[PDB]
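> Contents of coords06.pdb (PDB, C-alpha atoms):
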```
ATOM      1  CA  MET A   1       0.049 -31.493 -28.563  1.00  0.00           C
ATOM      2  CA  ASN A   2      -0.625 -29.675 -31.801  1.00  0.00           C
ATOM      3  CA  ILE A   3      -0.637 -30.613 -35.470  1.00  0.00           C
ATOM      4  CA  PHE A   4       3.126 -30.104 -35.866  1.00  0.00           C
ATOM      5  CA  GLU A   5       3.991 -32.383 -32.959  1.00  0.00           C
ATOM      6  CA  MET A   6       1.441 -34.966 -34.133  1.00  0.00           C
ATOM      7  CA  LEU A   7       2.795 -35.148 -37.698  1.00  0.00           C
ATOM      8  CA  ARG A   8       6.421 -35.034 -36.466  1.00  0.00           C
ATOM      9  CA  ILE A   9       5.653 -38.242 -34.534  1.00  0.00           C
ATOM     10  CA  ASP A  10       3.879 -39.859 -37.467  1.00  0.00           C
ATOM     11  CA  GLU A  11       6.419 -38.872 -40.170  1.00  0.00           C
ATOM     12  CA  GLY A  12       9.736 -38.684 -38.319  1.00  0.00           C
ATOM     13  CA  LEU A  13      12.614 -36.504 -39.417  1.00  0.00           C
ATOM     14  CA  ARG A  14      15.196 -37.602 -41.980  1.00  0.00           C
ATOM     15  CA  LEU A  15      17.655 -35.152 -43.564  1.00  0.00           C
ATOM     16  CA  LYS A  16      18.655 -37.321 -46.531  1.00  0.00           C
ATOM     17  CA  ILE A  17      16.348 -38.507 -49.316  1.00  0.00           C
ATOM     18  CA  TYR A  18      14.521 -41.671 -48.252  1.00  0.00           C
ATOM     19  CA  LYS A  19      11.649 -43.768 -49.513  1.00  0.00           C
ATOM     20  CA  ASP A  20       8.307 -43.447 -47.802  1.00  0.00           C
ATOM     21  CA  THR A  21       5.978 -46.315 -46.887  1.00  0.00           C
ATOM     22  CA  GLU A  22       4.830 -46.532 -50.532  1.00  0.00           C
ATOM     23  CA  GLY A  23       8.369 -46.543 -51.925  1.00  0.00           C
ATOM     24  CA  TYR A  24       8.377 -42.894 -53.051  1.00  0.00           C
ATOM     25  CA  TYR A  25      11.307 -40.516 -52.655  1.00  0.00           C
ATOM     26  CA  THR A  26      10.713 -38.199 -49.724  1.00  0.00           C
ATOM     27  CA  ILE A  27      12.764 -35.994 -47.404  1.00  0.00           C
ATOM     28  CA  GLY A  28      12.452 -34.174 -44.087  1.00  0.00           C
ATOM     29  CA  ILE A  29       9.189 -34.612 -42.215  1.00  0.00           C
ATOM     30  CA  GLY A  30       7.291 -36.558 -44.822  1.00  0.00           C
ATOM     31  CA  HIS A  31       7.859 -34.162 -47.719  1.00  0.00           C
ATOM     32  CA  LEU A  32       7.119 -36.165 -50.873  1.00  0.00           C
ATOM     33  CA  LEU A  33       9.512 -35.256 -53.657  1.00  0.00           C
ATOM     34  CA  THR A  34       8.214 -37.396 -56.529  1.00  0.00           C
ATOM     35  CA  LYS A  35       6.515 -40.634 -57.397  1.00  0.00           C
ATOM     36  CA  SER A  36       9.048 -41.218 -60.148  1.00  0.00           C
ATOM     37  CA  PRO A  37      11.390 -44.178 -59.616  1.00  0.00           C
ATOM     38  CA  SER A  38      14.306 -41.934 -60.635  1.00  0.00           C
ATOM     39  CA  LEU A  39      16.560 -40.718 -57.785  1.00  0.00           C
ATOM     40  CA  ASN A  40      17.850 -38.040 -60.167  1.00  0.00           C
ATOM     41  CA  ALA A  41      14.284 -36.756 -60.649  1.00  0.00           C
ATOM     42  CA  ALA A  42      13.867 -36.666 -56.877  1.00  0.00           C
ATOM     43  CA  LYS A  43      17.145 -34.737 -56.457  1.00  0.00           C
ATOM     44  CA  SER A  44      15.969 -32.225 -59.051  1.00  0.00           C
ATOM     45  CA  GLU A  45      12.670 -31.738 -57.207  1.00  0.00           C
ATOM     46  CA  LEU A  46      14.596 -31.332 -53.984  1.00  0.00           C
ATOM     47  CA  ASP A  47      16.863 -28.606 -55.333  1.00  0.00           C
ATOM     48  CA  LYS A  48      13.811 -26.792 -56.787  1.00  0.00           C
ATOM     49  CA  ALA A  49      12.013 -27.004 -53.426  1.00  0.00           C
ATOM     50  CA  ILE A  50      14.915 -25.753 -51.327  1.00  0.00           C
ATOM     51  CA  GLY A  51      16.352 -23.272 -53.838  1.00  0.00           C
ATOM     52  CA  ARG A  52      19.919 -24.611 -53.946  1.00  0.00           C
ATOM     53  CA  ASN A  53      21.910 -27.630 -55.035  1.00  0.00           C
ATOM     54  CA  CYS A  54      21.415 -30.002 -52.116  1.00  0.00           C
ATOM     55  CA  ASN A  55      22.757 -33.277 -53.500  1.00  0.00           C
ATOM     56  CA  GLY A  56      20.062 -35.109 -51.595  1.00  0.00           C
ATOM     57  CA  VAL A  57      20.670 -33.678 -48.118  1.00  0.00           C
ATOM     58  CA  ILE A  58      19.060 -30.782 -46.234  1.00  0.00           C
ATOM     59  CA  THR A  59      19.348 -29.076 -42.870  1.00  0.00           C
ATOM     60  CA  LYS A  60      16.912 -29.422 -39.982  1.00  0.00           C
ATOM     61  CA  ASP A  61      15.837 -25.779 -40.559  1.00  0.00           C
ATOM     62  CA  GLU A  62      15.132 -26.583 -44.221  1.00  0.00           C
ATOM     63  CA  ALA A  63      13.111 -29.656 -43.271  1.00  0.00           C
ATOM     64  CA  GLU A  64      11.082 -27.592 -40.801  1.00  0.00           C
ATOM     65  CA  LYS A  65      10.420 -24.935 -43.442  1.00  0.00           C
ATOM     66  CA  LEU A  66       9.083 -27.562 -45.887  1.00  0.00           C
ATOM     67  CA  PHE A  67       7.012 -28.953 -43.037  1.00  0.00           C
ATOM     68  CA  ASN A  68       5.464 -25.532 -42.331  1.00  0.00           C
ATOM     69  CA  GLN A  69       4.657 -25.211 -46.021  1.00  0.00           C
ATOM     70  CA  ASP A  70       3.163 -28.680 -46.169  1.00  0.00           C
ATOM     71  CA  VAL A  71       0.922 -28.234 -43.105  1.00  0.00           C
ATOM     72  CA  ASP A  72      -0.236 -24.866 -44.492  1.00  0.00           C
ATOM     73  CA  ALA A  73      -0.993 -26.565 -47.830  1.00  0.00           C
ATOM     74  CA  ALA A  74      -3.003 -29.318 -46.145  1.00  0.00           C
ATOM     75  CA  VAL A  75      -5.103 -26.780 -44.261  1.00  0.00           C
ATOM     76  CA  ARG A  76      -5.660 -24.737 -47.420  1.00  0.00           C
ATOM     77  CA  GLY A  77      -6.600 -27.884 -49.308  1.00  0.00           C
ATOM     78  CA  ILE A  78      -9.278 -28.554 -46.754  1.00  0.00           C
ATOM     79  CA  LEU A  79     -10.616 -24.994 -46.763  1.00  0.00           C
ATOM     80  CA  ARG A  80     -10.856 -24.921 -50.574  1.00  0.00           C
ATOM     81  CA  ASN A  81     -12.616 -28.261 -50.898  1.00  0.00           C
ATOM     82  CA  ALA A  82     -16.392 -28.185 -50.821  1.00  0.00           C
ATOM     83  CA  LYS A  83     -16.616 -31.699 -49.334  1.00  0.00           C
ATOM     84  CA  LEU A  84     -13.967 -31.233 -46.685  1.00  0.00           C
ATOM     85  CA  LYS A  85     -14.505 -27.709 -45.415  1.00  0.00           C
ATOM     86  CA  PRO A  86     -17.945 -28.192 -43.861  1.00  0.00           C
ATOM     87  CA  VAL A  87     -16.813 -31.314 -42.016  1.00  0.00           C
ATOM     88  CA  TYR A  88     -13.648 -29.604 -40.822  1.00  0.00           C
ATOM     89  CA  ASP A  89     -15.545 -26.525 -39.660  1.00  0.00           C
ATOM     90  CA  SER A  90     -17.887 -28.780 -37.715  1.00  0.00           C
ATOM     91  CA  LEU A  91     -15.070 -30.387 -35.718  1.00  0.00           C
ATOM     92  CA  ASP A  92     -13.388 -29.415 -32.453  1.00  0.00           C
ATOM     93  CA  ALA A  93      -9.716 -28.448 -32.388  1.00  0.00           C
ATOM     94  CA  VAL A  94      -8.274 -31.898 -31.628  1.00  0.00           C
ATOM     95  CA  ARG A  95     -10.301 -33.639 -34.308  1.00  0.00           C
ATOM     96  CA  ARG A  96      -9.331 -30.863 -36.781  1.00  0.00           C
ATOM     97  CA  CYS A  97      -5.735 -32.025 -36.255  1.00  0.00           C
ATOM     98  CA  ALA A  98      -6.725 -35.581 -37.180  1.00  0.00           C
ATOM     99  CA  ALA A  99      -8.264 -34.209 -40.365  1.00  0.00           C
ATOM    100  CA  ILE A 100      -5.159 -32.250 -41.268  1.00  0.00           C
ATOM    101  CA  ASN A 101      -3.066 -35.371 -40.604  1.00  0.00           C
ATOM    102  CA  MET A 102      -5.128 -37.431 -43.082  1.00  0.00           C
ATOM    103  CA  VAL A 103      -4.923 -34.726 -45.753  1.00  0.00           C
ATOM    104  CA  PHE A 104      -1.162 -34.433 -45.179  1.00  0.00           C
ATOM    105  CA  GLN A 105      -0.719 -38.171 -45.700  1.00  0.00           C
ATOM    106  CA  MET A 106      -3.085 -38.845 -48.571  1.00  0.00           C
ATOM    107  CA  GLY A 107      -3.905 -35.468 -50.116  1.00  0.00           C
ATOM    108  CA  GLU A 108      -7.116 -33.460 -50.393  1.00  0.00           C
ATOM    109  CA  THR A 109      -8.666 -35.497 -53.218  1.00  0.00           C
ATOM    110  CA  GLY A 110      -8.013 -38.827 -51.503  1.00  0.00           C
ATOM    111  CA  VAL A 111      -9.590 -37.761 -48.239  1.00  0.00           C
ATOM    112  CA  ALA A 112     -12.553 -36.140 -49.998  1.00  0.00           C
ATOM    113  CA  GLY A 113     -13.314 -39.639 -51.288  1.00  0.00           C
ATOM    114  CA  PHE A 114     -14.021 -40.908 -47.750  1.00  0.00           C
ATOM    115  CA  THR A 115     -17.691 -39.911 -48.237  1.00  0.00           C
ATOM    116  CA  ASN A 116     -19.336 -42.090 -45.633  1.00  0.00           C
ATOM    117  CA  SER A 117     -16.697 -41.414 -42.950  1.00  0.00           C
ATOM    118  CA  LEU A 118     -16.944 -37.674 -43.572  1.00  0.00           C
ATOM    119  CA  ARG A 119     -20.722 -37.777 -43.099  1.00  0.00           C
ATOM    120  CA  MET A 120     -20.363 -39.717 -39.857  1.00  0.00           C
ATOM    121  CA  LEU A 121     -17.770 -37.251 -38.605  1.00  0.00           C
ATOM    122  CA  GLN A 122     -20.029 -34.286 -39.462  1.00  0.00           C
ATOM    123  CA  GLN A 123     -22.848 -36.035 -37.574  1.00  0.00           C
ATOM    124  CA  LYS A 124     -20.538 -36.631 -34.558  1.00  0.00           C
ATOM    125  CA  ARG A 125     -21.133 -40.356 -34.711  1.00  0.00           C
ATOM    126  CA  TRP A 126     -17.626 -41.035 -33.520  1.00  0.00           C
ATOM    127  CA  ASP A 127     -17.566 -44.767 -32.996  1.00  0.00           C
ATOM    128  CA  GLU A 128     -19.301 -45.351 -36.307  1.00  0.00           C
ATOM    129  CA  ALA A 129     -16.841 -43.022 -38.055  1.00  0.00           C
ATOM    130  CA  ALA A 130     -13.956 -44.863 -36.473  1.00  0.00           C
ATOM    131  CA  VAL A 131     -15.262 -48.236 -37.704  1.00  0.00           C
ATOM    132  CA  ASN A 132     -15.799 -46.859 -41.195  1.00  0.00           C
ATOM    133  CA  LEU A 133     -12.387 -45.172 -41.396  1.00  0.00           C
ATOM    134  CA  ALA A 134     -10.705 -48.511 -40.696  1.00  0.00           C
ATOM    135  CA  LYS A 135     -12.412 -50.137 -43.722  1.00  0.00           C
ATOM    136  CA  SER A 136      -9.738 -48.675 -45.965  1.00  0.00           C
ATOM    137  CA  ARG A 137      -6.498 -49.314 -47.788  1.00  0.00           C
ATOM    138  CA  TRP A 138      -5.125 -46.547 -45.584  1.00  0.00           C
ATOM    139  CA  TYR A 139      -5.732 -48.503 -42.403  1.00  0.00           C
ATOM    140  CA  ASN A 140      -4.535 -51.798 -43.826  1.00  0.00           C
ATOM    141  CA  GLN A 141      -1.290 -50.388 -45.254  1.00  0.00           C
ATOM    142  CA  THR A 142      -0.365 -48.087 -42.336  1.00  0.00           C
ATOM    143  CA  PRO A 143      -2.331 -49.517 -39.428  1.00  0.00           C
ATOM    144  CA  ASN A 144      -0.370 -48.119 -36.496  1.00  0.00           C
ATOM    145  CA  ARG A 145      -0.571 -44.569 -37.814  1.00  0.00           C
ATOM    146  CA  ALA A 146      -4.183 -44.963 -38.945  1.00  0.00           C
ATOM    147  CA  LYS A 147      -5.112 -46.340 -35.532  1.00  0.00           C
ATOM    148  CA  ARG A 148      -3.637 -43.213 -33.880  1.00  0.00           C
ATOM    149  CA  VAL A 149      -5.459 -40.849 -36.196  1.00  0.00           C
ATOM    150  CA  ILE A 150      -8.710 -42.832 -35.812  1.00  0.00           C
ATOM    151  CA  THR A 151      -8.446 -42.850 -32.008  1.00  0.00           C
ATOM    152  CA  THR A 152      -8.029 -39.086 -32.220  1.00  0.00           C
ATOM    153  CA  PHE A 153     -11.269 -38.815 -34.237  1.00  0.00           C
ATOM    154  CA  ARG A 154     -13.053 -41.275 -31.944  1.00  0.00           C
ATOM    155  CA  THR A 155     -12.131 -39.586 -28.656  1.00  0.00           C
ATOM    156  CA  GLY A 156     -11.246 -36.006 -29.400  1.00  0.00           C
ATOM    157  CA  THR A 157      -8.199 -36.435 -27.157  1.00  0.00           C
ATOM    158  CA  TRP A 158      -4.498 -36.881 -27.724  1.00  0.00           C
ATOM    159  CA  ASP A 159      -4.428 -40.233 -25.904  1.00  0.00           C
ATOM    160  CA  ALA A 160      -2.966 -42.135 -28.877  1.00  0.00           C
ATOM    161  CA  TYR A 161       0.006 -39.736 -29.071  1.00  0.00           C
ATOM    162  CA  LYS A 162       0.746 -39.447 -25.355  1.00  0.00           C
ATOM    163  CA  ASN A 163       2.751 -42.643 -24.924  1.00  0.00           C
ATOM    164  CA  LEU A 164       3.898 -41.783 -28.456  1.00  0.00           C
TER     165      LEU A 164
END
```
Hey, can you dump this file as structure tokens for me?

Amino acid sequence: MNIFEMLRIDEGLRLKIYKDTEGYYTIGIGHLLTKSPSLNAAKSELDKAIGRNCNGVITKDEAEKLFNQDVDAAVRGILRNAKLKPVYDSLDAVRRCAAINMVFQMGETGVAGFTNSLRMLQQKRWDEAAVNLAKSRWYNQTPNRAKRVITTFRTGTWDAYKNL
């Protein structure tokens, strides 16, 4: 397992515009297009992102390219953020994937707000971090995915993704 396989499991792959768990227009492997309720706005963002007139549909190669861009952006968001970078740098490789997953789902600013969880992660207090991470809208709204990401932080293993 690696971060691409992990997020591919958590986000799926859809080649036509869909709504994500929050009702926002999305495509591919969890690529958010817009929070606007307008499908036309989402189609415009799609064409801008892909560089052609897509009419709401993309290829698997195009989805994978967006996904590469989005993972890269999540990692860069972590490295540029003064709250996130030291915690990330402190982690092992498996737990770094859990961090990237959170930033991919909720964005850099959102994750940087998890102040107490971040401290517990930096201190390697894994069970405490796991309990704190679950005290969140994130966990309550997407509990199966949050449970997988939290188990990954708790254990430093891929056990939550191995059954799938």
> Taking the file as I've supplied it (selection: the PyMOL selection byres ((chain A and resi 41-54) around 12)), which residues are included? Please answer as a PyMOL selection string.
chain A and resi 15-19+24-28+31-40+55-59+61-67+69-70
> Is it possible to get the residues within 8 Å of (-10.2, -37.9, -33.8) (coordinates as in the file, counting all atoms listed in the file) written as a list in words?
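The residues near that point, listed by chain and number, are residues 94, 95, 96, 97, 98, 99, 149, 150, 151, 152, 153, 154, 155, 156 and 157 of chain A.
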> Mind checking which residues fall within 12 Å of residue A:73, counting only C-alpha atoms, ignoring those fewer than 4 positions away in the same chain, and posting them as JSON, numbers by chain?
{"A": [31, 66, 67, 68, 69, 77, 78, 79, 80, 100, 101, 103, 104, 105, 107, 108]}
> On this file, the PyMOL selection byres ((chain A and resi 162) around 12) gives some set of residues; write that set as JSON, numbers by chain.
{"A": [1, 2, 5, 6, 9, 148, 151, 152, 157, 158, 159, 160, 161, 163, 164]}
> For a quick check of understanding, using only C-alpha atoms, which of A:89, A:102, A:83, A:130 has the smallest distance to residue A:11?
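Using only C-alpha atoms, the shortest distance to residue A:11 belongs to A:102.
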> Between atom CA of residue A:29 and atom CA of residue A:13, what is the distance in Å, rounded to a tenth?
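So the answer is 4.8 Å.
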> Would you mind reading off the distance between atom CA of residue A:140 and atom CA of residue A:106, one decimal, in Å?
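Interatomic distance here is 13.9 Å.
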> From the set A:123, A:141, A:21, A:132, which residue has the shortest atom-to-atom contact distance to residue A:90, counting all atoms listed in the file?
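Between A:123, A:141, A:21, A:132, the residue approaching residue A:90 most closely is A:123.
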> Nearest residue to residue A:118 out of A:131, A:88, A:75, A:139, using only C-alpha atoms?
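Smallest separation from residue A:118 among the options: A:88.
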> Can you tell me, as a ChimeraX atom specification, what residues are no more than 8 Å from residue A:4 when counting all atoms listed in the file, ignoring any on the same chain fewer than 3 positions away?
/A:7-8,71
> Tell me, in Å to one decimal, how far atom CA of residue A:111 is from atom CA of residue A:60.
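Computed distance, atom CA of residue A:111 to atom CA of residue A:60, equals 29.0 Å.
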> Only N, CA, C and O atoms, as a compact mmCIF listing (two decimals), in the first residue's frame: that is what I want for stretch 54-73 of chain A.

```txt
# COMPACT_ATOMS: atom_id res chain seq x y z
N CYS A 54 -15.26 18.88 -22.05
CA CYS A 54 -15.47 17.50 -21.63
C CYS A 54 -16.92 17.09 -21.59
O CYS A 54 -17.20 15.89 -21.54
N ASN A 55 -17.81 18.08 -21.50
CA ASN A 55 -19.24 17.84 -21.26
C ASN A 55 -19.49 16.87 -20.11
O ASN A 55 -20.32 15.95 -20.20
N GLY A 56 -18.74 17.06 -19.05
CA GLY A 56 -18.98 16.32 -17.82
C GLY A 56 -18.42 14.92 -17.72
O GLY A 56 -18.74 14.22 -16.77
N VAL A 57 -17.58 14.50 -18.65
CA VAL A 57 -17.04 13.16 -18.68
C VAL A 57 -15.56 13.22 -19.00
O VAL A 57 -15.15 14.00 -19.88
N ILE A 58 -14.76 12.40 -18.32
CA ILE A 58 -13.32 12.33 -18.57
C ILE A 58 -12.86 10.89 -18.73
O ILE A 58 -13.63 9.95 -18.47
N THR A 59 -11.62 10.72 -19.20
CA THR A 59 -11.04 9.40 -19.30
C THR A 59 -10.37 8.97 -18.01
O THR A 59 -10.10 9.79 -17.13
N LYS A 60 -10.09 7.67 -17.89
CA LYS A 60 -9.37 7.18 -16.73
C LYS A 60 -8.00 7.87 -16.64
O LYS A 60 -7.59 8.28 -15.54
N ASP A 61 -7.29 8.04 -17.76
CA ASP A 61 -5.99 8.71 -17.72
C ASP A 61 -6.12 10.14 -17.19
O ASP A 61 -5.27 10.60 -16.41
N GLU A 62 -7.18 10.83 -17.60
CA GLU A 62 -7.41 12.20 -17.12
C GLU A 62 -7.70 12.22 -15.62
O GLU A 62 -7.17 13.08 -14.90
N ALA A 63 -8.51 11.27 -15.16
CA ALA A 63 -8.77 11.18 -13.73
C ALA A 63 -7.49 10.93 -12.95
O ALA A 63 -7.29 11.51 -11.89
N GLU A 64 -6.63 10.06 -13.48
CA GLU A 64 -5.39 9.73 -12.77
C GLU A 64 -4.44 10.93 -12.76
O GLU A 64 -3.74 11.18 -11.77
N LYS A 65 -4.46 11.73 -13.83
CA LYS A 65 -3.63 12.92 -13.85
C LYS A 65 -4.08 13.95 -12.79
O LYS A 65 -3.26 14.52 -12.06
N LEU A 66 -5.40 14.19 -12.71
CA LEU A 66 -5.93 15.05 -11.64
C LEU A 66 -5.54 14.51 -10.29
O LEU A 66 -5.20 15.27 -9.39
N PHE A 67 -5.62 13.18 -10.14
CA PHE A 67 -5.31 12.57 -8.85
C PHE A 67 -3.84 12.81 -8.48
O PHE A 67 -3.53 13.17 -7.33
N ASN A 68 -2.93 12.65 -9.44
CA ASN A 68 -1.52 12.95 -9.19
C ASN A 68 -1.35 14.40 -8.73
O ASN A 68 -0.61 14.74 -7.77
N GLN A 69 -2.02 15.30 -9.45
CA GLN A 69 -1.96 16.71 -9.07
C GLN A 69 -2.49 16.98 -7.68
O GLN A 69 -1.93 17.78 -6.94
N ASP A 70 -3.59 16.30 -7.34
CA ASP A 70 -4.22 16.53 -6.05
C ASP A 70 -3.41 15.96 -4.87
O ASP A 70 -3.36 16.58 -3.81
N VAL A 71 -2.80 14.80 -5.07
CA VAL A 71 -1.92 14.25 -4.02
C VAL A 71 -0.71 15.16 -3.85
O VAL A 71 -0.32 15.49 -2.70
N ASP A 72 -0.10 15.59 -4.97
CA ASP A 72 1.03 16.51 -4.90
C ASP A 72 0.61 17.78 -4.13
O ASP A 72 1.30 18.23 -3.21
N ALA A 73 -0.56 18.33 -4.44
CA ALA A 73 -1.02 19.53 -3.76
C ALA A 73 -1.23 19.32 -2.27
O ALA A 73 -0.97 20.23 -1.45
```
